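Single-structure report; data block below.
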Amino acid sequence: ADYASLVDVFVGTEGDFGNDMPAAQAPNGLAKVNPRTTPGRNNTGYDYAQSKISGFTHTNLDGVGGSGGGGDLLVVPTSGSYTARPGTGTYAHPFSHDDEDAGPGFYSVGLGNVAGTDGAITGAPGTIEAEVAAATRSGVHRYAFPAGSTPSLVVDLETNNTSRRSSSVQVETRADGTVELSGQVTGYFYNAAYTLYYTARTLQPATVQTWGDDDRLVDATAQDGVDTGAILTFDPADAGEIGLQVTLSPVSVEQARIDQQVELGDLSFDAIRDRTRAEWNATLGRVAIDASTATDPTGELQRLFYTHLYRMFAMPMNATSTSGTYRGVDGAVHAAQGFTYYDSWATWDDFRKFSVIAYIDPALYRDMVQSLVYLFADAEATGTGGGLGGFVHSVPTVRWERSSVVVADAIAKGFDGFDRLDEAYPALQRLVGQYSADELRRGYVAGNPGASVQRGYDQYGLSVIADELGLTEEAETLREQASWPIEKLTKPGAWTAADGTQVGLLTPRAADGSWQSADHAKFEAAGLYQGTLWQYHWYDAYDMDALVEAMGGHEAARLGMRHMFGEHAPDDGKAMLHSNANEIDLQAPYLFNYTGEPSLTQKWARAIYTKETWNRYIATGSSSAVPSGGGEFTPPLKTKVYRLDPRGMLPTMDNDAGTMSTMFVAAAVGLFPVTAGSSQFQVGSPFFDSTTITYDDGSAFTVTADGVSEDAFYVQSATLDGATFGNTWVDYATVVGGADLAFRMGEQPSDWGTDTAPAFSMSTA
Ligand SMILES: [Ca+2]
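Note that the sequence shown covers residues 29 to 793 in my numbering.
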């Protein structure tokens, strides 16, 4: 019933261990009411290890890198006074995790009172009780100040996790004495600027002063610049209850006002909070779990599951007004006709996540894909031919590579009626790019194996879209070019097995065709981004069949996969060639299904996600969080990859718009998308006795794992809708059609699935 209570929003909120936020937020909500720690923070604005909090920001990005995105509109409660633009140091309040409470839709904290004037502001007796909650587009605040205090709220419009580009504030005092503030914030993250409009109203009478770029605190009711803000001052009589309501719109201030009225009306703070909690319980309730003591003796695995399901519904964010409109990259307002438009993409990192969303919430997935299509269609409509990074985006956003694979994923899964797909296509083609004349002749990018395999997958994705558009010859060409990276860059005998077997591996190759020297296990060798050749070797997951053949045959692949996971030396951390910390080879644990050893896939799925494993690689060159260098743990570390702890992931292991969380959910369900852009999922090791996915029409997918335990993680046999089942993959249609997939589990590896019908490969389809 109350799934919300199982979510721990503090998981991954410490230091460099996930870069997630405890922010109050609704499912796929635009408004993200995040506490802000000081002097340290994680990328979202909050580091669990800190002991001071300034205030609450209203925009954000989940699990991203750099110094984080969003972080706009900082609201700081204070008993102090200002005569100039506030020093950010004066915002700091002591806090304790003992006086802090948060969950789906809400966050509460007891803040140490602060008082004084300007730079003399410091600790003062009493507590500012802070409560926030969130609706899709709105953040609501309720504060209690110590009796006798002159309550104040600073609205700081300079604050951003990366870069403030411009901001404005306009002040209105209404007949009842309450104040409304409105304007725009323009920020930047990674590739692009974005603009959001806001309205914020007090629920009690207030006076107001504003500041602009000259740091002067004045009575003027308008500011427009870069560093701007407002300071609200309330009557001491209202100390016991100070309320604020903030609403965001990518469209305009007037739309934000309309949204606030529709979304919040005259509802109380508690009602808004309760409603979002009910919305989370509906969302999380899409998956119902029965977890025995055998498999989850502490109850922590179930809590881990629902925490990560919660994280799965964060990005992309709802970027649609209550009037069914959105802002295009052309800078204009358009209709989201008969669907909700979502925006905020990090597709280079997160592309596999959508394949999972597809089987948990089909309708949400469809709207996401339709949105992605509109985004590229809008780019094309500008007629500039420019890439997406040259426009101002409607919400904070990241990057768009692999978009063709995501759209292809929906098409392959049987989704249709994607309006404006024909418009999206040429823009998707520009995103993917073309090999140069010389690259077309030789079949690859010289010295750049990474860019080559990436284009391979992009072109496969594009070939699916092309056929859907009736562009038959173009799809053929795309498929031909998509086969090149496997064929031309898999160097025969790059690694030699213990028995002499010659194993082909992804290797940089020169323009003239000679192979370039590389260490296949070295982080970022050969021009690679955030990985090794062993890891990028499996990248072209749309053609495992051709890859197996290029590697030197079935036995070569089988032995390569075992070497990949250090099976010959299970107690040597240096033998672990797979990385758990990054998304590059996320699919690797499930590739044993393709080499005739499904039991090893089962072992690794259960181990990585629910046990301690050997970890050799971090997600970046070095980390101050753990002894590390050259992209590795130095020494390799035996540890849990996922923890029910503020240190939630491995150090450096960013969640990346909920990707790592989504893969945890997929591992638990036991169905993993090795081939994004296909309709298939690979069978892993389902964690729970019973997992039921209920769809909107009342039908349900049910996967059972009879006798599953911490020790019994191997499949012994299986049935599908009552009949003997021996494949290690299942089609999307089977899942959403509401099948009953029943596994019998055991403590020893079995030969179940060793006679599987072949999974999808482009070359053999
Ligand atoms: Ca990453």
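Where a beta carbon is used, it is the ideal one built from N, C-alpha and C, also for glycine.
Report the partner residues of residue i according to the DSSP bridge assignment.
{"i": "residue 796", "result": "This structure cannot speak to residue 796, because the chain is shown only from 29 to 793."}
{"i": "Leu245", "result": "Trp239"}
{"i": "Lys80", "result": "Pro122"}
{"i": "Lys666", "result": "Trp642"}
{"i": "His362", "result": "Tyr354"}
{"i": "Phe217", "result": "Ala220"}
{"i": "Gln251", "result": "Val197"}
{"i": "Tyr226", "result": "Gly211 and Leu276"}
{"i": "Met345", "result": "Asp371"}
{"i": "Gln710", "result": "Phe700 and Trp757"}
{"i": "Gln630", "result": "Looking at the DSSP assignment, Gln630 forms no beta bridge with any residue, so it has no partner."}
{"i": "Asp318", "result": "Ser718"}
{"i": "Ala162", "result": "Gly167"}
Report the residue from the options whose alpha carbon sits nearest the alpha carbon of residue i.
{"i": "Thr648", "options": "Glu738, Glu307 and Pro679", "result": "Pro679"}
{"i": "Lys441", "options": "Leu456, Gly489 and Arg430", "result": "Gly489"}
{"i": "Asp184", "options": "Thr150, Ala228, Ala161 and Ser166", "result": "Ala228"}
{"i": "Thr261", "options": "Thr782, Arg314 and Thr206", "result": "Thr206"}
{"i": "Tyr119", "options": "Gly144, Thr410, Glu128 and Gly133", "result": "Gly144"}
{"i": "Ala265", "options": "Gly154, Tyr226 and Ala234", "result": "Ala234"}
{"i": "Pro674", "options": "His125, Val61, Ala455 and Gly96", "result": "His125"}
{"i": "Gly98", "options": "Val142, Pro132 and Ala51", "result": "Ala51"}
{"i": "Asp613", "options": "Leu245, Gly94, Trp376 and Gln78", "result": "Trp376"}
{"i": "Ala539", "options": "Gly68, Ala474 and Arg772", "result": "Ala474"}
{"i": "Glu128", "options": "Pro153, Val160, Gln615 and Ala391", "result": "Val160"}
{"i": "residue 794", "options": "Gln462, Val246, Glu157 and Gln288", "result": "Any answer about residue 794 is impossible in this case: the structure gives the chain only from 29 up to 793."}
{"i": "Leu400", "options": "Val384, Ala203 and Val357", "result": "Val357"}
{"i": "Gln398", "options": "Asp450, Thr410, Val384 and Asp725", "result": "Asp450"}
{"i": "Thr784", "options": "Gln710, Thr535, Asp749 and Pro663", "result": "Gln710"}
{"i": "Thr348", "options": "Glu625, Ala32, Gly676 and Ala363", "result": "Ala363"}
Look at the Cβ atom of residue i, then the Cβ atom of residue j, and state whether they are nearer than 9 angstroms.
{"i": "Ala438", "j": "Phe419", "result": "no"}
{"i": "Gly580", "j": "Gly521", "result": "yes"}
{"i": "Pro278", "j": "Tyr338", "result": "no"}
{"i": "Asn346", "j": "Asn88", "result": "no"}
{"i": "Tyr645", "j": "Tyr567", "result": "no"}
{"i": "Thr230", "j": "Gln212", "result": "no"}
{"i": "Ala405", "j": "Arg448", "result": "yes"}
{"i": "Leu312", "j": "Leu34", "result": "yes"}
{"i": "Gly445", "j": "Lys550", "result": "no"}
{"i": "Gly478", "j": "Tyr570", "result": "no"}
{"i": "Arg507", "j": "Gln487", "result": "yes"}
{"i": "residue 854", "j": "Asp573", "result": "Because the chain in this structure spans residues 29 to 793, residue 854 falls outside the shown range and cannot be described."}
{"i": "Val435", "j": "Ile493", "result": "yes"}
{"i": "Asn47", "j": "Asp682", "result": "yes"}
{"i": "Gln198", "j": "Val103", "result": "no"}
{"i": "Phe341", "j": "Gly686", "result": "yes"}
{"i": "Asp255", "j": "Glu186", "result": "yes"}
{"i": "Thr690", "j": "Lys666", "result": "no"}
{"i": "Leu561", "j": "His548", "result": "yes"}
{"i": "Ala578", "j": "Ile636", "result": "no"}
The beta strand (DSSP E) with residue i in it runs from where to where?
{"i": "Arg192", "result": "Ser191 to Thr201"}
{"i": "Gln744", "result": "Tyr742 to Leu748"}
{"i": "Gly521", "result": "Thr518 to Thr524"}
{"i": "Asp768", "result": "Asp768 to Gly774"}
{"i": "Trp757", "result": "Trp757 to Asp759"}
{"i": "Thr65", "result": "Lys60 to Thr65"}
{"i": "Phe419", "result": "Element bounds for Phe419: n/a, residue is neither H nor E."}
{"i": "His169", "result": "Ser166 to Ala172"}
Could you spell out the range, first to last residue, of the alpha helix (DSSP H) harbouring residue i?
{"i": "residue 14", "result": "In this structure the chain extends from 29 to 793, so residue 14 is not present and cannot be described."}
{"i": "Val397", "result": "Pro390 to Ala409"}
{"i": "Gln289", "result": "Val281 to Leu292"}
{"i": "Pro105", "result": "Counting along the chain, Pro105 falls outside any alpha helix (DSSP H), though it belongs to the beta strand (DSSP E) covering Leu102 to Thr106."}
{"i": "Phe297", "result": "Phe297 to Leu312"}
{"i": "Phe729", "result": "Premise fails: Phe729 lies in the beta strand (DSSP E), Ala728 to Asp734, not in any alpha helix (DSSP H)."}
{"i": "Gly478", "result": "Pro477 to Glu496"}
Exercise for the section: Flag this pair as touching only if the region 422–430 and the region 371–379 have three or more C-beta atom pairs under 8 angstroms; answer yes or no. Expected result: The region 422–430, when compared against the region 371–379, does touch it at the 8 angstroms Cβ threshold.
Problem - Touch test, the region 178–194 against the region 310–321, Cβ-Cβ under 8 angstroms, three pairs minimum - result: They do not touch, by the three-pair rule.
Handout entry: Cβ contact check for the region 734–743 and the region 681–695: 3 or more pairs under 8 angstroms
Key = No, they do not touch.
Exercise for the section: Determine contact between the region 106–125 and the region 233–251, defined as no fewer than three beta-carbon pairs at a distance below 8 angstroms. Expected result: Output reads yes: the region 233–251 touches the region 106–125.
Exercise for the section: Could you tell me whether the region 625–637 touches the region 768–781, where touching means 3 or more Cβ pairs closer than 8 angstroms? Expected result: In short, these stretches touch, since the Cβ pair count reaches three.
Practice task
Count the CB pairs spanning the region 175–189 and the region 287–307 that are closer than 8 angstroms, and state whether there are at least three.
Solution key: Output reads no: the region 287–307 does not touch the region 175–189.
Handout entry: Contact between the region 599–607 and the region 750–762 (3+ Cβ pairs under 8 angstroms)
Key = Counting Cβ pairs under 8 angstroms, fewer than three are found: no touch.
Problem - Segment contact, 8 angstroms Cβ cut-off, at least three pairs: the region 152–172 with the region 265–275 - result: As far as the Cβ criterion goes, the region 152–172 touches the region 265–275, which means the pair count is three or higher.
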